[PDB]
>>> print(open('final23.txt').read())   # compact mmCIF, C-alpha atoms and all ligand atoms
# COMPACT_ATOMS: atom_id res chain seq x y z
CA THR F 10 -8.11 8.76 37.10
CA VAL F 11 -10.68 6.92 34.81
CA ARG F 12 -11.97 9.12 31.89
CA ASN F 13 -15.68 8.96 30.75
CA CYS F 14 -15.78 8.09 27.00
CA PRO F 15 -19.35 8.01 25.61
CA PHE F 16 -17.53 8.92 22.33
CA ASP F 17 -20.68 10.86 21.17
CA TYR F 18 -18.83 13.77 19.33
CA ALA F 19 -20.25 14.17 15.74
CA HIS F 20 -19.62 17.87 14.66
CA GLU F 21 -18.88 17.62 10.87
CA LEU F 22 -15.50 15.76 10.46
CA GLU F 23 -13.81 17.83 13.27
CA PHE F 24 -11.32 15.70 15.27
CA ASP F 25 -12.86 14.66 18.61
CA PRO F 26 -11.29 17.11 21.11
CA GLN F 27 -11.27 14.46 23.95
CA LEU F 28 -9.09 12.28 21.64
CA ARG F 29 -6.66 15.22 20.71
CA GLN F 30 -6.30 15.89 24.51
CA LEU F 31 -5.59 12.18 25.33
CA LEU F 32 -3.00 12.04 22.42
CA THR F 33 -0.95 15.08 23.46
CA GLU F 34 -1.36 14.61 27.26
CA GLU F 35 -2.13 10.95 28.29
CA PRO F 36 -1.32 8.85 25.19
CA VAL F 37 -1.98 5.73 27.39
CA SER F 38 -5.12 6.39 29.53
CA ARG F 39 -7.60 4.40 31.71
CA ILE F 40 -11.19 4.76 30.27
CA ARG F 41 -14.78 3.37 30.58
CA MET F 42 -17.23 3.47 27.57
CA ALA F 43 -21.06 3.43 26.99
CA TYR F 44 -21.68 -0.34 27.62
CA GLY F 45 -19.79 -3.41 29.01
CA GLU F 46 -18.37 -4.42 32.47
CA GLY F 47 -15.07 -3.08 33.85
CA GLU F 48 -12.73 -0.48 32.35
CA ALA F 49 -9.95 -0.55 29.69
CA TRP F 50 -6.69 1.13 28.57
CA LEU F 51 -6.65 3.49 25.53
CA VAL F 52 -3.35 3.74 23.53
CA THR F 53 -3.36 6.75 21.11
CA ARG F 54 0.25 7.14 19.83
CA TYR F 55 1.20 5.75 16.34
CA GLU F 56 4.24 3.69 17.49
CA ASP F 57 2.55 2.55 20.77
CA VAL F 58 -0.61 1.45 18.77
CA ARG F 59 1.49 -0.20 16.05
CA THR F 60 2.96 -2.19 19.04
CA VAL F 61 -0.47 -3.26 20.36
CA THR F 62 -1.83 -4.48 16.96
CA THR F 63 1.23 -6.63 16.05
CA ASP F 64 2.87 -7.82 19.38
CA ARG F 65 1.58 -11.41 20.11
CA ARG F 66 1.42 -10.32 23.82
CA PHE F 67 -1.97 -8.65 22.97
CA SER F 68 -4.67 -11.23 21.88
CA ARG F 69 -8.11 -10.55 20.29
CA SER F 70 -8.81 -14.33 20.68
CA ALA F 71 -8.79 -13.62 24.48
CA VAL F 72 -11.81 -11.26 24.05
CA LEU F 73 -14.22 -14.23 23.47
CA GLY F 74 -16.57 -14.18 26.53
CA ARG F 75 -15.66 -10.74 28.08
CA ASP F 76 -18.27 -7.88 28.51
CA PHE F 77 -15.50 -5.70 26.87
CA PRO F 78 -16.01 -1.88 27.06
CA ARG F 79 -17.52 -1.24 23.57
CA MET F 80 -19.83 1.43 21.96
CA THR F 81 -22.84 -0.81 20.99
CA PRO F 82 -25.11 -2.33 23.67
CA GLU F 83 -24.87 -5.68 21.80
CA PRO F 84 -21.30 -6.42 20.49
CA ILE F 85 -21.09 -6.32 16.65
CA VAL F 86 -18.64 -9.37 16.79
CA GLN F 87 -19.62 -13.09 16.88
CA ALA F 88 -17.79 -16.25 18.14
CA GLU F 89 -16.65 -18.00 14.87
CA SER F 90 -15.72 -14.64 13.17
CA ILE F 91 -12.17 -13.82 11.86
CA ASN F 92 -12.35 -10.79 14.27
CA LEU F 93 -11.88 -12.99 17.40
CA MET F 94 -9.00 -15.13 16.02
CA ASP F 95 -5.28 -14.27 15.84
CA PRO F 96 -2.58 -15.72 13.56
CA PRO F 97 -2.22 -18.69 13.17
CA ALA F 98 -5.97 -19.70 12.99
CA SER F 99 -6.87 -16.30 11.45
CA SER F 100 -4.03 -16.57 8.83
CA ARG F 101 -5.78 -19.62 7.19
CA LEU F 102 -9.18 -17.89 6.54
CA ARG F 103 -7.73 -14.41 5.91
CA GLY F 104 -5.39 -16.34 3.59
CA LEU F 105 -8.37 -17.67 1.61
CA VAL F 106 -10.27 -14.38 0.86
CA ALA F 107 -6.88 -12.65 0.32
CA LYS F 108 -6.54 -14.77 -2.85
CA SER F 109 -9.79 -13.07 -4.06
CA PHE F 110 -8.19 -9.53 -3.97
CA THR F 111 -4.64 -9.99 -5.44
CA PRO F 112 -3.99 -6.92 -7.66
CA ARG F 113 -4.53 -9.20 -10.77
CA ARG F 114 -8.07 -10.13 -9.46
CA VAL F 115 -9.06 -6.60 -8.15
CA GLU F 116 -7.57 -4.94 -11.34
CA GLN F 117 -9.87 -7.35 -13.23
CA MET F 118 -13.08 -6.50 -11.25
CA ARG F 119 -12.25 -2.80 -12.12
CA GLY F 120 -13.99 -3.45 -15.49
CA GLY F 121 -17.37 -4.02 -13.77
CA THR F 122 -16.94 -1.32 -11.05
CA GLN F 123 -16.27 1.20 -13.89
CA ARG F 124 -19.61 0.05 -15.57
CA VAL F 125 -21.55 0.28 -12.19
CA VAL F 126 -20.16 3.80 -11.41
CA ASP F 127 -20.82 5.02 -15.03
CA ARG F 128 -24.47 3.74 -14.90
CA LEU F 129 -24.99 5.24 -11.32
CA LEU F 130 -23.88 8.68 -12.76
CA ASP F 131 -25.69 8.00 -16.12
CA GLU F 132 -28.79 7.83 -13.76
CA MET F 133 -28.04 10.80 -11.43
CA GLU F 134 -27.51 13.04 -14.54
CA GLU F 135 -30.87 11.73 -15.97
CA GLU F 136 -32.88 12.69 -12.81
CA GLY F 137 -31.17 16.16 -13.11
CA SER F 138 -29.42 18.68 -10.73
CA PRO F 139 -29.59 19.06 -7.75
CA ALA F 140 -29.43 15.49 -6.29
CA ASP F 141 -28.27 13.56 -3.17
CA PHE F 142 -24.70 12.27 -3.82
CA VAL F 143 -25.37 9.85 -0.86
CA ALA F 144 -28.51 8.29 -2.54
CA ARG F 145 -27.29 8.39 -6.20
CA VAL F 146 -23.58 7.36 -5.55
CA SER F 147 -21.96 6.94 -2.04
CA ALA F 148 -24.64 4.54 -0.59
CA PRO F 149 -25.49 2.28 -3.63
CA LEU F 150 -21.99 1.65 -5.18
CA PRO F 151 -20.35 -0.14 -2.17
CA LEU F 152 -23.54 -2.30 -1.69
CA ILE F 153 -23.89 -3.19 -5.41
CA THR F 154 -20.16 -4.13 -5.53
CA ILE F 155 -20.16 -6.39 -2.38
CA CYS F 156 -23.50 -8.00 -3.53
CA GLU F 157 -22.25 -8.49 -7.17
CA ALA F 158 -19.14 -9.94 -5.46
CA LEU F 159 -21.14 -12.37 -3.21
CA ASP F 160 -24.00 -12.98 -5.80
CA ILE F 161 -26.63 -11.59 -3.36
CA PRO F 162 -30.13 -11.59 -4.92
CA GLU F 163 -31.38 -8.03 -5.74
CA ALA F 164 -34.46 -8.38 -3.45
CA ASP F 165 -32.51 -9.24 -0.23
CA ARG F 166 -29.97 -6.38 -0.54
CA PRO F 167 -31.94 -3.36 0.89
CA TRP F 168 -33.06 -5.72 3.72
CA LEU F 169 -29.43 -6.92 4.44
CA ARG F 170 -27.91 -3.40 4.93
CA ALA F 171 -30.88 -2.22 7.06
CA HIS F 172 -29.78 -5.14 9.37
CA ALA F 173 -26.00 -4.53 8.95
CA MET F 174 -26.54 -0.89 10.02
CA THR F 175 -28.99 -1.81 12.91
CA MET F 176 -26.01 -3.72 14.53
CA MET F 177 -23.95 -0.43 14.36
CA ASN F 178 -26.48 1.50 16.58
CA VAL F 179 -25.00 2.97 19.83
CA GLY F 180 -28.64 3.15 21.10
CA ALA F 181 -29.32 1.68 24.61
CA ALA F 182 -32.77 0.21 23.58
CA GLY F 183 -31.88 -0.83 19.95
CA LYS F 184 -30.17 -3.93 21.54
CA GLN F 185 -33.04 -6.48 21.17
CA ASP F 186 -33.23 -5.01 17.62
CA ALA F 187 -29.48 -5.73 17.22
CA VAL F 188 -29.45 -9.35 18.67
CA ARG F 189 -32.51 -10.36 16.50
CA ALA F 190 -31.24 -8.40 13.43
CA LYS F 191 -27.82 -10.15 13.84
CA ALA F 192 -29.27 -13.68 14.24
CA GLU F 193 -31.63 -13.23 11.20
CA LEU F 194 -28.44 -12.17 9.24
CA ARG F 195 -26.48 -15.23 10.49
CA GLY F 196 -29.42 -17.42 9.50
CA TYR F 197 -29.83 -16.01 5.94
CA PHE F 198 -26.17 -16.86 5.09
CA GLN F 199 -26.28 -20.12 7.20
CA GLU F 200 -28.60 -21.21 4.34
CA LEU F 201 -27.54 -19.24 1.19
CA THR F 202 -23.85 -20.35 1.80
CA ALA F 203 -25.00 -23.98 2.41
CA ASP F 204 -26.78 -23.38 -1.01
CA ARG F 205 -23.38 -22.68 -2.69
CA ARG F 206 -21.35 -25.49 -0.98
CA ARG F 207 -24.36 -27.54 -2.41
CA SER F 208 -24.53 -26.20 -6.03
CA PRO F 209 -21.39 -24.02 -6.19
CA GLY F 210 -22.00 -20.98 -8.41
CA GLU F 211 -18.87 -19.14 -9.77
CA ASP F 212 -19.11 -16.05 -7.43
CA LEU F 213 -17.02 -15.39 -4.19
CA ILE F 214 -19.06 -17.28 -1.52
CA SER F 215 -18.58 -20.20 -3.99
CA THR F 216 -14.78 -19.54 -3.96
CA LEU F 217 -14.86 -19.78 -0.11
CA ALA F 218 -17.41 -22.69 0.05
CA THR F 219 -15.62 -24.85 -2.64
CA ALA F 220 -11.91 -24.37 -1.71
CA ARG F 221 -10.74 -27.82 -0.39
CA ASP F 222 -7.21 -28.84 0.96
CA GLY F 223 -8.24 -32.52 0.83
CA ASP F 224 -11.43 -31.81 2.99
CA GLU F 225 -13.00 -28.23 2.47
CA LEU F 226 -10.87 -25.82 4.63
CA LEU F 227 -14.02 -24.00 5.86
CA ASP F 228 -16.61 -25.61 8.24
CA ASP F 229 -20.27 -24.47 7.56
CA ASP F 230 -20.42 -22.05 10.58
CA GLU F 231 -16.84 -20.83 9.62
CA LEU F 232 -18.21 -20.06 6.05
CA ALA F 233 -21.73 -18.62 6.74
CA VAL F 234 -20.02 -16.26 9.30
CA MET F 235 -17.31 -15.29 6.72
CA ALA F 236 -19.99 -14.68 4.00
CA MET F 237 -22.03 -12.70 6.60
CA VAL F 238 -18.93 -10.71 7.77
CA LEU F 239 -17.85 -9.92 4.15
CA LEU F 240 -21.35 -8.46 3.43
CA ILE F 241 -21.53 -6.21 6.52
CA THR F 242 -17.98 -4.74 6.05
CA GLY F 243 -18.31 -4.44 2.26
CA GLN F 244 -21.10 -1.82 2.60
CA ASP F 245 -20.57 0.48 5.65
CA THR F 246 -17.01 1.97 5.86
CA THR F 247 -16.80 2.33 2.01
CA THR F 248 -20.30 4.03 1.60
CA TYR F 249 -19.26 6.44 4.41
CA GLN F 250 -15.70 7.25 3.13
CA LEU F 251 -17.36 7.99 -0.29
CA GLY F 252 -19.56 10.67 1.42
CA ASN F 253 -16.74 11.89 3.76
CA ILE F 254 -14.23 12.35 0.86
CA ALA F 255 -16.89 14.04 -1.39
CA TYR F 256 -17.83 16.51 1.39
CA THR F 257 -14.07 17.23 2.04
CA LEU F 258 -13.38 17.85 -1.72
CA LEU F 259 -16.44 20.10 -2.19
CA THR F 260 -15.43 22.12 0.99
CA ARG F 261 -11.64 22.57 0.39
CA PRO F 262 -11.61 24.46 -2.90
CA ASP F 263 -7.73 24.62 -2.95
CA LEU F 264 -7.55 20.79 -2.66
CA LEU F 265 -10.34 20.23 -5.23
CA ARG F 266 -8.74 22.68 -7.76
CA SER F 267 -5.24 21.06 -7.32
CA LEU F 268 -6.84 17.69 -8.36
CA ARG F 269 -8.69 19.37 -11.33
CA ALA F 270 -5.30 21.00 -12.29
CA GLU F 271 -3.44 17.59 -12.14
CA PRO F 272 -5.80 14.55 -11.86
CA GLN F 273 -2.65 12.29 -11.66
CA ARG F 274 -2.46 13.38 -7.95
CA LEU F 275 -5.66 11.34 -7.08
CA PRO F 276 -4.22 8.04 -5.68
CA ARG F 277 -1.80 10.20 -3.57
CA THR F 278 -4.62 12.63 -2.56
CA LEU F 279 -6.95 9.75 -1.51
CA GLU F 280 -4.27 8.21 0.82
CA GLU F 281 -3.93 11.68 2.55
CA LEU F 282 -7.77 12.11 2.92
CA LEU F 283 -7.93 8.47 4.16
CA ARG F 284 -5.27 9.30 6.80
CA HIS F 285 -6.97 12.58 7.84
CA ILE F 286 -10.76 11.89 7.64
CA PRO F 287 -11.91 10.58 11.07
CA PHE F 288 -14.29 7.98 9.54
CA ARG F 289 -15.62 6.65 12.91
CA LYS F 290 -16.60 7.64 16.49
CA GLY F 291 -14.60 6.18 19.46
CA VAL F 292 -12.81 2.78 19.21
CA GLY F 293 -13.97 -0.60 17.77
CA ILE F 294 -12.93 -4.10 19.01
CA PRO F 295 -10.28 -4.19 21.78
CA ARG F 296 -7.56 -6.75 22.63
CA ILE F 297 -6.53 -8.40 25.96
CA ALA F 298 -2.90 -8.07 27.12
CA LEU F 299 -1.97 -11.82 27.67
CA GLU F 300 0.94 -10.83 30.03
CA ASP F 301 2.02 -7.62 31.90
CA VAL F 302 3.42 -5.24 29.19
CA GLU F 303 4.77 -1.77 30.13
CA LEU F 304 3.90 0.53 27.14
CA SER F 305 4.97 4.28 27.29
CA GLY F 306 5.99 3.84 31.01
CA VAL F 307 2.62 2.29 32.15
CA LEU F 308 2.43 -1.45 33.17
CA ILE F 309 -0.73 -3.14 31.71
CA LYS F 310 -1.57 -6.16 33.97
CA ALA F 311 -2.17 -9.65 32.34
CA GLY F 312 -5.91 -9.88 31.40
CA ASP F 313 -6.52 -6.10 31.08
CA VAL F 314 -8.62 -4.81 28.08
CA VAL F 315 -6.63 -2.57 25.65
CA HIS F 316 -8.23 -0.31 23.06
CA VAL F 317 -6.15 1.46 20.32
CA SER F 318 -7.33 4.63 18.45
CA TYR F 319 -6.37 4.48 14.76
CA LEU F 320 -7.68 8.08 14.43
CA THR F 321 -5.11 9.53 16.95
CA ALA F 322 -2.40 7.31 15.35
CA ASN F 323 -2.93 9.14 11.97
CA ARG F 324 -2.72 12.59 13.68
CA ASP F 325 0.46 11.74 15.72
CA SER F 326 2.89 14.67 15.06
CA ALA F 327 5.72 12.22 16.04
CA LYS F 328 4.97 10.41 12.73
CA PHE F 329 3.37 13.10 10.45
CA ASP F 330 4.72 16.70 10.56
CA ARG F 331 1.83 19.26 10.71
CA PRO F 332 -0.44 16.21 11.25
CA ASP F 333 -3.78 18.17 11.39
CA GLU F 334 -2.94 19.81 7.96
CA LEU F 335 -4.00 17.82 4.87
CA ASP F 336 -0.91 17.79 2.54
CA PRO F 337 -1.26 15.22 -0.32
CA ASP F 338 2.41 16.19 -1.09
CA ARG F 339 3.65 15.23 2.45
CA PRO F 340 6.40 12.53 2.76
CA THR F 341 4.26 9.32 2.36
CA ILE F 342 4.15 7.36 5.68
CA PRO F 343 1.80 4.37 6.21
CA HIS F 344 -1.63 5.55 7.56
CA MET F 345 -3.63 3.31 9.99
CA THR F 346 -7.11 4.12 8.49
CA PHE F 347 -7.22 0.47 7.18
CA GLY F 348 -6.07 -0.89 10.57
CA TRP F 349 -2.67 -2.45 11.37
CA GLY F 350 -1.21 -5.85 12.38
CA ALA F 351 -2.97 -9.23 12.20
CA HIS F 352 -6.46 -7.64 11.73
CA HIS F 353 -5.45 -4.95 9.12
CA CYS F 354 -8.49 -4.40 6.76
CA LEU F 355 -9.05 -7.42 4.44
CA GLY F 356 -10.90 -5.27 1.82
CA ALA F 357 -8.41 -2.31 1.72
CA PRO F 358 -7.65 -3.48 -1.91
CA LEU F 359 -11.33 -3.33 -3.05
CA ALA F 360 -12.28 0.00 -1.23
CA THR F 361 -9.03 1.45 -2.71
CA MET F 362 -10.36 0.37 -6.18
CA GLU F 363 -13.98 1.65 -5.54
CA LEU F 364 -12.61 5.04 -4.25
CA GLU F 365 -10.26 5.31 -7.32
CA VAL F 366 -12.88 4.31 -10.00
CA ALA F 367 -15.50 6.54 -8.26
CA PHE F 368 -13.74 9.91 -7.74
CA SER F 369 -11.67 9.58 -11.01
CA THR F 370 -14.97 9.21 -12.98
CA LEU F 371 -16.82 11.94 -10.92
CA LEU F 372 -13.90 14.37 -11.51
CA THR F 373 -13.82 13.94 -15.33
CA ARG F 374 -17.67 13.58 -15.87
CA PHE F 375 -18.66 16.49 -13.53
CA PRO F 376 -15.81 19.05 -13.37
CA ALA F 377 -18.44 21.69 -12.37
CA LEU F 378 -19.60 19.58 -9.34
CA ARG F 379 -20.37 21.78 -6.26
CA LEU F 380 -22.13 21.28 -2.87
CA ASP F 381 -25.66 22.80 -3.44
CA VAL F 382 -26.02 24.10 0.20
CA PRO F 383 -23.72 25.66 2.87
CA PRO F 384 -21.38 23.19 4.70
CA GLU F 385 -22.95 23.74 8.20
CA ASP F 386 -26.37 22.79 6.63
CA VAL F 387 -24.99 19.19 6.05
CA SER F 388 -26.37 16.82 8.78
CA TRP F 389 -23.94 14.35 10.39
CA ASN F 390 -24.90 10.90 11.73
CA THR F 391 -25.05 10.65 15.53
CA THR F 392 -26.57 7.17 16.00
CA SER F 393 -23.62 5.15 14.48
CA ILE F 394 -20.14 4.00 15.57
CA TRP F 395 -19.30 5.59 12.12
CA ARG F 396 -19.37 9.27 11.08
CA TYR F 397 -20.90 10.12 7.67
CA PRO F 398 -23.22 12.67 6.03
CA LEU F 399 -26.96 11.74 5.82
CA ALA F 400 -27.30 13.73 2.54
CA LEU F 401 -24.91 15.69 0.28
CA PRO F 402 -26.87 17.90 -2.21
CA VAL F 403 -24.73 18.59 -5.33
CA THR F 404 -24.94 20.56 -8.60
CA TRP F 405 -23.02 20.34 -11.94
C1 LIG O 1 -12.63 2.92 3.19
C2 LIG O 1 -12.96 1.63 3.35
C3 LIG O 1 -12.65 0.78 4.55
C4 LIG O 1 -12.10 1.15 5.74
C5 LIG O 1 -11.68 2.53 6.19
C6 LIG O 1 -11.98 -0.03 6.48
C7 LIG O 1 -11.44 0.03 7.73
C8 LIG O 1 -11.21 -1.08 8.49
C9 LIG O 1 -10.58 -1.02 9.72
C10 LIG O 1 -10.06 0.24 10.37
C11 LIG O 1 -10.50 -2.26 10.22
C12 LIG O 1 -9.85 -2.39 11.56
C13 LIG O 1 -9.68 -3.79 12.14
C14 LIG O 1 -8.76 -3.70 13.32
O1 LIG O 1 -7.64 -3.15 13.21
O2 LIG O 1 -9.10 -4.15 14.41
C15 LIG O 1 -11.10 -3.13 9.28
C16 LIG O 1 -11.25 -4.49 9.39
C17 LIG O 1 -11.86 -5.23 8.39
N1 LIG O 1 -12.39 -4.81 7.20
FE1 LIG O 1 -12.46 -3.05 6.58
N2 LIG O 1 -12.42 -1.08 5.82
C18 LIG O 1 -12.84 -0.69 4.63
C19 LIG O 1 -13.39 -1.43 3.61
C20 LIG O 1 -13.59 -2.80 3.68
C21 LIG O 1 -14.15 -3.59 2.67
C22 LIG O 1 -14.63 -3.20 1.28
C23 LIG O 1 -14.21 -4.88 3.12
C24 LIG O 1 -14.74 -5.90 2.19
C25 LIG O 1 -14.78 -7.20 2.40
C26 LIG O 1 -13.65 -4.89 4.46
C27 LIG O 1 -13.49 -5.97 5.29
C28 LIG O 1 -12.87 -5.88 6.55
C29 LIG O 1 -12.65 -7.07 7.39
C30 LIG O 1 -13.03 -8.47 7.02
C31 LIG O 1 -12.02 -6.69 8.53
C32 LIG O 1 -11.60 -7.56 9.69
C33 LIG O 1 -10.26 -8.32 9.59
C34 LIG O 1 -9.83 -8.89 10.95
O3 LIG O 1 -10.15 -8.26 12.01
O4 LIG O 1 -9.15 -9.97 11.06
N3 LIG O 1 -13.30 -3.60 4.75
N4 LIG O 1 -11.55 -2.37 8.22
>>> encode(input="final23.txt", output="structure tokens")
Amino acid sequence: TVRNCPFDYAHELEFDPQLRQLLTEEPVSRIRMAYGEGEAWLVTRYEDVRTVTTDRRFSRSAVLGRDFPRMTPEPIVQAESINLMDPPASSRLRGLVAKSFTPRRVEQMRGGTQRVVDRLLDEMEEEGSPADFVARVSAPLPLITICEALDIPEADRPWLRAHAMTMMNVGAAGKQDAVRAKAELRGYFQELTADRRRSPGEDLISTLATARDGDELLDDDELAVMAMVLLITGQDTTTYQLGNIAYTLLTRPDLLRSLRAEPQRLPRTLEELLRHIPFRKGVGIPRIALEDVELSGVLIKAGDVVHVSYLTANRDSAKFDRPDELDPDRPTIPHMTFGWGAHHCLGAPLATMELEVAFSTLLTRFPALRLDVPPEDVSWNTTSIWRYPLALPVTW
């Protein structure tokens, strides 16, 4: 009755078979995952999952305090984080960083992102073919950008990601690691944010720390946590989707030619890769059903833990015809790669912009770009809630 879900599948970017089976055959299923007390529902259908993310009957505020079935021994979340608030209390702090990424603002920052990318490739060319696209592009760019954004000193950055990542370990014994790593992170911002509030720079932490509706909207905890949360998120998913997309383009010659034939297809192609590419293992933060809510003919009692799978949502044949096929031409329908509902991804805008400025430069600069080894020789991360390539040797 209750499925085992270690969610350990890692083979290339192949869609987790357990997930494909639960989509087609038990689109609402009882499950139990690596760590946490109790069990939880798993909703896998587009429309059903859309329901769960938006319908005020399901709270993420209600998760505060539960040993919720999750994939990391220590939960990645914190108390005062945007992740454990719903609208309305979310909408005020979301509201504030959302100013920072209006298309005017993000289509300004482009300028600098173009100069970062250019320099990163002006360096990879200098060290000469072959090279690691992960080391020389996919890893640095997202980290530079979010640090530039937050005015993070150059010396702290390699440190800060090697803590960000440590919190994303699914490893039983890397839990003390995680709780210390997390608290050291909290602390560093606790201070460096209280150092902006104090002598506001003209960066983004300053934008958060200085905004005042009469009396500063953000409390110090509320801020330090928001500056800490913006750093973590600004440098995992994006670094990974830069490797994932690269791999996919260098292993689907038809796709990669089509783009080289008509580069204008790129913003449409990226959406379709985004949809497809299963850019994580398992399921992230759940929600609690606040009241009984039947959902695909299955009552969910009040106080039950609900997970949604964004990855099965994207591959729902009810929404996308030939869903497993990767058609950048297909009738555009909103993907759920960037989340949905209240907690939809806050940095969608900026990762959009990084992915556009990256692959559009790559494509022109290195038309000849090819994977330098066979695809099955590429090693895929196993230790993370995310899926990404460890290295991506390329020629040009
Ligand atoms: C390809 C790039 C990215 C992907 C695929 C991605 C994906 C996601 C996803 C799937 C969620 C799901 C939250 C949920 O539904 O429960 C999320 C939340 C979030 N992402 Fe991202 N993200 C990306 C880039 C970024 C960037 C650059 C930032 C930069 C600040 C960012 C900040 C956030 C934040 C703050 C949340 C939490 C919002 C909330 O729960 O209220 N993301 N992201």
>>> residues_around(input="final23.txt", residues="stretch 94-110 of chain F", least_positions_apart="2", cutoff="10 Å", atoms="only C-alpha atoms", output="PyMOL selection string")
chain F and resi 65+67-73+88-92+112-118+158+213-214+216-217+220+226-227+231-232+235+239+350-352+355-359
>>> write_last_selection(input="final23.txt", atoms="C-alpha atoms", output="short mmCIF file (atom, residue, chain, number, x, y, z; two decimals), in the frame of the given file")
data_model
loop_
_atom_site.label_atom_id
_atom_site.label_comp_id
_atom_site.auth_asym_id
_atom_site.auth_seq_id
_atom_site.Cartn_x
_atom_site.Cartn_y
_atom_site.Cartn_z
CA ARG F 65 1.58 -11.41 20.11
CA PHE F 67 -1.97 -8.65 22.97
CA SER F 68 -4.67 -11.23 21.88
CA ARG F 69 -8.11 -10.55 20.29
CA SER F 70 -8.81 -14.33 20.68
CA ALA F 71 -8.79 -13.62 24.48
CA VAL F 72 -11.81 -11.26 24.05
CA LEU F 73 -14.22 -14.23 23.47
CA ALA F 88 -17.79 -16.25 18.14
CA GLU F 89 -16.65 -18.00 14.87
CA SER F 90 -15.72 -14.64 13.17
CA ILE F 91 -12.17 -13.82 11.86
CA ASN F 92 -12.35 -10.79 14.27
CA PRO F 112 -3.99 -6.92 -7.66
CA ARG F 113 -4.53 -9.20 -10.77
CA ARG F 114 -8.07 -10.13 -9.46
CA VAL F 115 -9.06 -6.60 -8.15
CA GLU F 116 -7.57 -4.94 -11.34
CA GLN F 117 -9.87 -7.35 -13.23
CA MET F 118 -13.08 -6.50 -11.25
CA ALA F 158 -19.14 -9.94 -5.46
CA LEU F 213 -17.02 -15.39 -4.19
CA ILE F 214 -19.06 -17.28 -1.52
CA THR F 216 -14.78 -19.54 -3.96
CA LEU F 217 -14.86 -19.78 -0.11
CA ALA F 220 -11.91 -24.37 -1.71
CA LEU F 226 -10.87 -25.82 4.63
CA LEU F 227 -14.02 -24.00 5.86
CA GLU F 231 -16.84 -20.83 9.62
CA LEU F 232 -18.21 -20.06 6.05
CA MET F 235 -17.31 -15.29 6.72
CA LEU F 239 -17.85 -9.92 4.15
CA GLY F 350 -1.21 -5.85 12.38
CA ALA F 351 -2.97 -9.23 12.20
CA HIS F 352 -6.46 -7.64 11.73
CA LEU F 355 -9.05 -7.42 4.44
CA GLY F 356 -10.90 -5.27 1.82
CA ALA F 357 -8.41 -2.31 1.72
CA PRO F 358 -7.65 -3.48 -1.91
CA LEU F 359 -11.33 -3.33 -3.05
#
>>> closest_residue(input="final23.txt", among="F:327, F:11, F:218, F:240", to="ligand LIG 1 (chain O)", atoms="only C-alpha atoms and all ligand atoms")
F:240
>>> closest_residue(input="final23.txt", among="F:58, F:366, F:171, F:52", to="residue F:126", atoms="all atoms listed in the file")
F:366
>>> residues_near_point(input="final23.txt", point="(-21.1, 11.1, -14.7)", cutoff="10 Å", atoms="only C-alpha atoms", output="ChimeraX atom specification")
/F:126-135,367,370-376,405
>>> closest_residue(input="final23.txt", among="F:59, F:170, F:324, F:269", to="ligand LIG 1 (chain O)", atoms="all atoms listed in the file")
F:59
>>> atom_distance(input="final23.txt", atom1="atom CA of residue F:159", atom2="atom CA of residue F:215")
8.3 Å
>>> closest_residue(input="final23.txt", among="F:286, F:279, F:179, F:86", to="residue F:321", atoms="only C-alpha atoms")
F:286
>>> closest_residue(input="final23.txt", among="F:40, F:264, F:153, F:169", to="ligand LIG 1 (chain O)", atoms="only C-alpha atoms and all ligand atoms")
F:153
>>> residues_around(input="final23.txt", residues="residue F:294", least_positions_apart="4", cutoff="12 Å", atoms="all atoms listed in the file", output="number ranges by chain")
F: 49, 51, 62, 68-73, 75-81, 84-87, 92-93, 314-319, 348, 352, 394
>>> atom_distance(input="final23.txt", atom1="atom CA of residue F:16", atom2="atom CA of residue F:28")
9.1 Å
>>> atom_distance(input="final23.txt", atom1="atom CA of residue F:146", atom2="atom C12 of ligand LIG 1 (chain O)")
24.0 Å
>>> axis_aligned_box(input="final23.txt", around="ligand LIG 1 (chain O)", padding_each_side="5 Å", output="JSON")
{"center_x": -11.2, "center_y": -3.5, "center_z": 7.8, "size_x": 17.1, "size_y": 22.9, "size_z": 23.1}
>>> decode(input="final23.txt", residues="stretch 366-370 of chain F", atoms="N, CA, C and O atoms", output="short mmCIF file (atom, residue, chain, number, x, y, z; two decimals), in the first residue's frame")
data_model
loop_
_atom_site.label_atom_id
_atom_site.label_comp_id
_atom_site.auth_asym_id
_atom_site.auth_seq_id
_atom_site.Cartn_x
_atom_site.Cartn_y
_atom_site.Cartn_z
N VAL F 366 21.86 34.38 -21.98
CA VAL F 366 23.16 35.08 -22.23
C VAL F 366 24.28 34.04 -22.34
O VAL F 366 25.28 34.34 -23.01
N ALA F 367 24.15 32.89 -21.66
CA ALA F 367 25.17 31.83 -21.69
C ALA F 367 25.10 31.20 -23.07
O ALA F 367 25.93 31.55 -23.91
N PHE F 368 24.08 30.39 -23.31
CA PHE F 368 24.01 29.47 -24.48
C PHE F 368 24.01 30.26 -25.79
O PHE F 368 24.55 29.72 -26.80
N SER F 369 23.48 31.49 -25.81
CA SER F 369 23.48 32.37 -27.01
C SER F 369 24.92 32.76 -27.31
O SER F 369 25.29 32.70 -28.50
N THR F 370 25.73 33.08 -26.30
CA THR F 370 27.18 33.37 -26.51
C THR F 370 27.84 32.06 -26.95
O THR F 370 28.20 31.96 -28.14
#
